[PDB]
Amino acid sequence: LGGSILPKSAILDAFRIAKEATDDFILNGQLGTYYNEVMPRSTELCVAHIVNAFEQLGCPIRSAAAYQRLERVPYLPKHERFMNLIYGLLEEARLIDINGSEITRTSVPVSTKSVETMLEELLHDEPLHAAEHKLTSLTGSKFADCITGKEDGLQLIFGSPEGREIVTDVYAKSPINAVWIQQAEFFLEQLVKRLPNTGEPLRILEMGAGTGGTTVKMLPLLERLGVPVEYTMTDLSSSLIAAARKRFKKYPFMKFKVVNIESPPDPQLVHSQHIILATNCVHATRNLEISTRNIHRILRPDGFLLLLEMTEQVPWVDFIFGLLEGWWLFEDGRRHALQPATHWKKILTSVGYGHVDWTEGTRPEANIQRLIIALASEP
């Protein structure tokens, strides 16, 4: 299996070009008001949903006087870490003061706008970011039921077609994700222009491909570039793969396979791939050292990992995904699944990657997610 030549300069020069355009991708992709104008509104909607759930669970937070002691709401033990984050959000919104175990009400009034009016206005005002706001209310309106076990967050999202459509749109269409996928397209296109042509394929493996939020852009891109390629789309979920096998049959350069990031690679995967793509999946594993070491062993020596990772917490993301067991699997010293790029570099370097870089910019959104590239060998 002779694969393409992949000079280090092609990677580093393409990444530098993409990196310097980060703020351009944020503006073009309609994310340039997200941190300062959209996120306070989605955070407000989360908080309102929380207040409603608390009232439903017997906490009179809406009517409580200043300094009133509030009892903790009921919830399943598995939600302890999440609910500490939830109470944190209420404190950041200045509705409560926390003092260790003691929760007390502030003088700040709860908003009088309903969550229905909040959503309606946000959907009308910010239609490009609709998907995550709809998802926020899908679980948010059932928040008391979820944290007590009467409903399950994973079932709510994926058990209905409406939820499945929203979450696909979140991963593919919402600027908060599409910006950096589009930037990865630019990186890869500039990369391929710098490759020798030997007739041999570029071998690309996507981990955690899930709903195909990245995949749906990569395949037309590789189709249009027309250089030999084998694209292996993988995920832990066999249903998501089976669906993708149908959806993406159009493309003849495709392989589809169930692959667990946490598993040691079978011999057939060892040193096989030029590029591993991984969008917001590696953080969901138990141990980042183990996962990134596994990924390293699947890379050819001339290859690299391209992470697309959320590097800063966003309240609506925690509010929704924090309901899911998959958000709390870390057991490697992290206190949250998501980590800043500096931590990712620490892990990546410690398991043998030779060069780590990431996107940055002056816009605040450039800190929310990053492309993080990690070369298997040191240049």
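Residues carry their position along the shown sequence, with the first being 1.
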query: Between 22-30 and 324-332 (mean CA B-factor, as deposited), the higher; finding: 324-332
query: Mean C-alpha B-factor comparison - 85-93 and 169-177, higher one; finding: 85-93
query: Selection by C-alpha B-factor (highest) of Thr215, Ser291, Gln155, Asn260; finding: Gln155
query: Selection by C-alpha B-factor (highest) of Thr211, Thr104, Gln273, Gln182; finding: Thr104
query: Relative C-alpha B-factor of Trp316, binned into the chain's lowest, middle or highest third; finding: lowest
query: Where the record places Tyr67 (Cα B-factor, split into thirds across the chain); finding: highest
query: Record-listed C-alpha B factor of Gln369: chain third; finding: lowest
query: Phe253 - Cα temperature factor, lowest/middle/highest third of chain; finding: highest
query: Chain thirds of CA B-factor: placement of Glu230; finding: highest
